[PDB]
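What follows is one structure encoded as structure tokens, with my remarks underneath.
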Amino acid sequence: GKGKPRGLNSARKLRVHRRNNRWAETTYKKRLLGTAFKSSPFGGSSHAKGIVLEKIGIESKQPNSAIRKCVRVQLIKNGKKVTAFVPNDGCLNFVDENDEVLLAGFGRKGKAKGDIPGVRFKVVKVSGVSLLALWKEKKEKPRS
Amino acid sequence: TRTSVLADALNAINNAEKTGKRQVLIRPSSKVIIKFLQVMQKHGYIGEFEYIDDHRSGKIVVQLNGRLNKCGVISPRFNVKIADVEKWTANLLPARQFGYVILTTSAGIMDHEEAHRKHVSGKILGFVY
Amino acid sequence: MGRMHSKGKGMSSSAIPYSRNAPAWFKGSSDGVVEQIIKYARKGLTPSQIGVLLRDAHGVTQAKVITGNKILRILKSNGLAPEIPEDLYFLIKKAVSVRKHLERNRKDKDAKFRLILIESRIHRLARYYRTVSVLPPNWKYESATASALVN
Amino acid sequence: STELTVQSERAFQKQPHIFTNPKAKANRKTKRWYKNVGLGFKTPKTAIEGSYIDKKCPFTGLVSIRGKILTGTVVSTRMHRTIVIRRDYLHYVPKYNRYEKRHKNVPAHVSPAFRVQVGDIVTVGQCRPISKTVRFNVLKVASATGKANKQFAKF
RNA sequence: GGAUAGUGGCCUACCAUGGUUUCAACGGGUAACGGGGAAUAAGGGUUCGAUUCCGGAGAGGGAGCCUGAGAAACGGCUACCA
RNA sequence: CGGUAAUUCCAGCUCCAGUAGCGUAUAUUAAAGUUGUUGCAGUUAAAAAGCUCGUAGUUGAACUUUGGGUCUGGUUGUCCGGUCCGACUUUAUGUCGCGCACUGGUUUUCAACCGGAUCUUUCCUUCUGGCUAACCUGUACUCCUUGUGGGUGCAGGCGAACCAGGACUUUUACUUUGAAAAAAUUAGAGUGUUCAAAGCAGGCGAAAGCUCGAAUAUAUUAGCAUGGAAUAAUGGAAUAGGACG
RNA sequence: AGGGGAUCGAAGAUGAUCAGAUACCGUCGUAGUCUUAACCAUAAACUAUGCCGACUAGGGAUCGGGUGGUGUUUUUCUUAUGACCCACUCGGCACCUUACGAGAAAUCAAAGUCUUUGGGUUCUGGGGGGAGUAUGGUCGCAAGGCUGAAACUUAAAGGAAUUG
RNA sequence: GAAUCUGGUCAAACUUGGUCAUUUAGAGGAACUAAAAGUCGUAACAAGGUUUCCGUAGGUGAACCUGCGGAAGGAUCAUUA
RNA sequence: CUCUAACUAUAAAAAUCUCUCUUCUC
Ligand SMILES: [Mg+2]
Ligand SMILES: [Mg+2]
Ligand SMILES: [Mg+2]
Ligand SMILES: [Mg+2]
Ligand SMILES: [Mg+2]
Ligand SMILES: [Mg+2]
Ligand SMILES: [Mg+2]
Ligand SMILES: [Mg+2]
Ligand SMILES: [Mg+2]
Ligand SMILES: [Mg+2]
Ligand SMILES: [Mg+2]
Ligand SMILES: [Mg+2]
Ligand SMILES: [Mg+2]
Ligand SMILES: [Mg+2]
Ligand SMILES: [Mg+2]
Ligand SMILES: [Mg+2]
Ligand SMILES: [Mg+2]
Ligand SMILES: [Mg+2]
Ligand SMILES: [Mg+2]
Ligand SMILES: [Mg+2]
Ligand SMILES: [Mg+2]
Ligand SMILES: [Mg+2]
Ligand SMILES: [Mg+2]
Ligand SMILES: [Mg+2]
Ligand SMILES: [Mg+2]
Ligand SMILES: [Mg+2]
Ligand SMILES: [Mg+2]
Ligand SMILES: [Mg+2]
Ligand SMILES: [Mg+2]
Ligand SMILES: [Mg+2]
Ligand SMILES: [Mg+2]
Ligand SMILES: [Mg+2]
Ligand SMILES: [Mg+2]
Ligand SMILES: [Mg+2]
Ligand SMILES: [Mg+2]
Ligand SMILES: [Mg+2]
Ligand SMILES: [Mg+2]
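Chains as they are written, first to last, in the UniProt record's numbering: chain A, 2 to 145; chain B, 2 to 130; chain C, 1 to 151; chain D, 2 to 156.
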């Protein structure tokens, strides 16, 4: 019963067999293969500075209709291109395209949160200053 | 094929106890079962039991008194330190007020408390309570 | 109930009695048993045949009970032991018989399968005997020295 | 071993720094020096009466035994004057409270004083290094045959 | 036999054909210096360890070397490459 | 949630949670009995090779000294011995209290609870000398109320009470003990750093110098030494080439 | 590849039905269907239950063997067989009843003896898609088989039962 | 006792080739995901209106259909009326 | 407290479907 070996001298397989089944957990596979280092433009980085190109509106899914004000950006650290979201009401018109913007994660471990298809990342800092600082009227964009 | 006759013995004991019987026929009847049952009996889970010669491996028939609740064998006889005894007692026995982990010692077959007072420890066999 | 090569679980066998010593009514002499054993061996009958014949014809229950020793050991002490143990020799005989049948008629495939089973058993038994060192460690069973040992 | 006339190769194998005087009026065999290696091990008689040289012989040569003592089984004999000993052992993996069969292969150097066959169990001793891999000399073949004692059966 | 401070295919000459491996050798990757340890916690474990201590390695990359008990040194030299 | 009464957006007012901290993001740990050795599922939810043989691996029947008898070392609770604790109060005796707050025999049984030596057709490597440690010595003989309570005492001969040399050592795995496993970290003793994180200090004289320290455990793997003999393996004597003389 | 060539029928040819029907119905008809040696090795190759063990509850029949009948007809007067009837027992496909065990249930006499968690053992799975796809091997003439991902995309897919 | 110089020796480098590894364009092609109010049909879930499903082979705009063997997850646990 | 007998006989065609899914506390 319980079709795994139980003898004293079977240790080997009990290790190596586990060493096989660990390849089922996606977390473990990503960690050993380093897929976070080839794909997923953040090379393990929680934040990256990119240059914004153009401001886009992205539709939403079935139960929710609204134009999410997303934004394209090419990342300095690798040159790849991604799409991010502007995480407050009146902040798209803070971007001022061709601007240094600092991108962070987006709350679902490299996935798409909620009803915004084809995006993976928030936006935190624009022109050095943090976006939430602008939206709270605590600091002002340099406009340089 | 049969591998550890002690496991078969205790499995028959548990099966026949749960059904409420009073006697059990242990078939292979090796030394270790005999010592196990003397330990059992001196603790009291079992009454006056019996061995039978067969010119081959003999047999046991054991009387019960319903005093027992469950027995069992830890078939891969693990090497236990004198320290790791408390680990097995916690993981197997219901509550330390009673219960007995049965292990083979340099002295011989022996329950855990005897092992701790004799300050010896060997390989674990089973658990009864 | 093992029956390595067939899921059959039977237990057809014999339960020899509890009395290790001879039956009280036996009148034959243990020695005379020994001489008839050796003469039947001279006739060439294998120790299984020896035992069955001594059980059928005479009060010989188990030669171990009567003479205090077993038939193959009597033969070995008397120097009539065969070079190949009887069970093994029967395995070779069966295997070569099946081989002859198979080569005679090709398309029979269950014959081939049973031949594979028999070769598995014979390799297994030869391994055992080599470990106990009855056979020479170089004793090998394939096809042609097989046929020679058939002779 | 060195196998039939140790005086074989292009140079002479003299037991180092020992002199047998031709001038001696006895014509004795030779001054075949040796020593008791210690550790309660008896030198074999063939070590004294032998005719080999084996600078690396722990019993007649220059090498000395100290340190570790191992007990293994001969697994390979094919190389000259030297042996390969298998050591099987157990390794306790703690994550499963279990044991793991493992084996190492230790080379060693056998004096001609010793006869070794595959399957023998050998008490071997650590020594001053001999070669790239050899760091041991054989000191006692415990089972010369063991189960190969008997070779026939004639009651 | 040479060379070493000294054992050693360490190297040379002449021999032999051996050595390891499904008990995972060899090869490939490591965003791996190893370790004392850190986080984590019924018990059993999982992950991390660049770094306060211990060893090892390196002073752009490789090689070569004088002095000196001690270096193949680099805030010491020689040469090539960048 | 939001499509005209939005407890979900955006504000105001209240209120919640944490607080000189709180909020994110990517990792990782517990949750996760969703990596399962303890501790997973495999009829249909993912999953049992189409079936069989088979090397390596894994695991593999039962049985070979168990009972008894004694003496005896202790460790526990007995009866408690002396010391004396309380109601009893400013202070002492008695009385009466937990039936003894600390020192004591434990054959009054007792019960364990580990031992040790022993006899059972029952060896504990056993010799080779030591050394005899020890008296079976018994010799000169009793020194002592007559009584072996106890002595000056040396040839056979008591060997584990101890040495120290060869003979052999079946081998292990296992287990207990010990030695080892740097410090720092962890643990944890002591210590009014004003408490604490910490630190390894400090404390005490009457300040006239007199002292307490800087406690301990763990590391599990490999190696070393050591007591054990159930479990598990291996080993003998079968051609006798077997043991002792 | 060689031999056969009845039937039946992928392909094709047809006549219907329909909006279309080169599909289902209807007729003919090639390769195959059958063989002889060699490849192919996949099937819902399903009992969707791996193998070897021990135990645990009641009932019947059934298949193979062997047991005992003062048994029946057998019939050869009578014994012998055979065939039956009974009480068995060992093994096999299974079945019925039940839960006092399990399961999430459907159900299972094993899918029980599993939190009161350890008989011995192999091989598989870790949300669904991507996908048995990409690629490299490897076997095969070919068809293809074994081996075998990832990027990426989603809050479900799925199981059993309940009521409509 | 210098420059210089014979031999080797360690040999970093250099040239041309070969080799493999990784980044890297890459005309074009085949995809796949999300995108739900395009278009052609309606195979599947009921006997899905030809029972489904599997392997294999063929053809077809598409789902598919057909053949040969299977299976019930079938719509039958059942004829010893 | 004795038993095992009945039985029939159909199928032509029917494709598709735009929203809107909303609490249970005494
Ligand atoms: Mg590391
Ligand atoms: Mg580190
Ligand atoms: Mg350092
Ligand atoms: Mg350096
Ligand atoms: Mg630099
Ligand atoms: Mg100096
Ligand atoms: Mg340097
Ligand atoms: Mg420096
Ligand atoms: Mg300089
Ligand atoms: Mg409102
Ligand atoms: Mg608000
Ligand atoms: Mg937990
Ligand atoms: Mg699970
Ligand atoms: Mg399904
Ligand atoms: Mg499924
Ligand atoms: Mg299957
Ligand atoms: Mg199957
Ligand atoms: Mg095997
Ligand atoms: Mg056993
Ligand atoms: Mg430390
Ligand atoms: Mg601390
Ligand atoms: Mg038509
Ligand atoms: Mg057609
Ligand atoms: Mg047709
Ligand atoms: Mg036709
Ligand atoms: Mg398949
Ligand atoms: Mg998946
Ligand atoms: Mg797929
Ligand atoms: Mg491919
Ligand atoms: Mg359903
Ligand atoms: Mg020069
Ligand atoms: Mg339809
Ligand atoms: Mg249909
Ligand atoms: Mg129709
Ligand atoms: Mg239709
Ligand atoms: Mg259905
Ligand atoms: Mg339409």
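For each residue, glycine too, the CB sits at the ideal point set by N, CA and C.
Starting from residue i, trace the alpha helix (DSSP H) in both directions and tell me its first and last residue.
i	result
B:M41	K32 to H44
C:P47	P47 to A57
B:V6	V6 to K19
Grab the span of the beta strand (DSSP E) containing residue i for me, first residue to last.
i	result
B:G127	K124 to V129
D:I66	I66 to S77
D:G126	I122 to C128
B:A116	Looking at the DSSP string, B:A116 is not in any beta strand (DSSP E); the run it does join, the alpha helix (DSSP H), is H113 to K119.
D:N106	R99 to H110
B:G73	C72 to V74
B:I27	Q24 to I27
D:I86	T83 to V94
C:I122	No beta strand (DSSP E) contains C:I122, which is instead part of the alpha helix (DSSP H) from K109 to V132.
Are the beta-carbon atoms of residue i and residue j separated by less than 7 Å?
i	j	result
B:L7	B:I34	yes
D:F137	D:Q127	yes
A:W136	A:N94	no
A:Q75	A:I52	yes
C:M11	C:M4	no
B:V121	B:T106	yes
D:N106	D:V119	no
C:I116	C:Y141	no
C:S14	C:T67	no
D:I122	D:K57	no
B:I75	B:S30	no
B:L69	B:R23	no
C:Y18	B:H56	yes
A:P42	A:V102	no
A:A49	A:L15	no
Thinking residue i and residue j are a contact (beta carbons under 8 Å), I'd like their distance in whole angstroms, please.
i	j	result
C:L80	C:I38	7 Å
D:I54	D:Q16	6 Å
C:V33	C:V52	That pair is no contact at about 15 Å.
C:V132	C:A111	Not a contact, Cβ separation roughly 32 Å.
D:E101	A:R13	6 Å
Could you tell me which whole alpha helix (DSSP H) segments of length 4 or greater appear in the segment 35-116 of chain A? 36-39
Would you check if there are 3 or more beta carbon pairs closer than 8 Å linking the segment 6-26 of chain C to the segment 115-127 of chain B? no
Quick check: the segment 8-28 of chain B against the segment 132-145 of chain A, are at least 3 beta-carbon pairs closer than 8 Å? no
Between the segment 54-67 of chain D and the segment 25-37 of chain D, are three or more C-beta pairs nearer than 8 Å? yes
If you pair each beta-carbon of the segment 120-128 of chain A with each one of the segment 32-46 of chain B, do three or more pairs fall below 8 Å? no
Within the chosen definition, does the segment 113-120 of chain D reach the segment 89-97 of chain D through at least 3 CB pairs nearer than 8 Å? no
Meets three-Cβ-pair contact criterion under 8 Å: the segment 17-31 of chain A and the segment 54-68 of chain A: no
Quick check for students: name the residue ranges of the beta strand (DSSP E) that lie wholly in the segment 80-114 of chain B, counting only runs of 3 or more. 101-105 and 110-112
Return the chain-ordered ranges of every alpha helix (DSSP H) run that is complete within the segment 9-91 of chain C and spans a minimum of 4 residues. 30-43, 47-57, 63-67 and 71-77
Do the segment 60-80 of chain A and the segment 10-28 of chain A meet, that is, are 3 or more Cβ pairs less than 8 Å apart? no
Could you give the uninterrupted runs of the alpha helix (DSSP H) lying entirely in the segment 19-68 of chain D, keeping only those of 4 residues or more? 46-50
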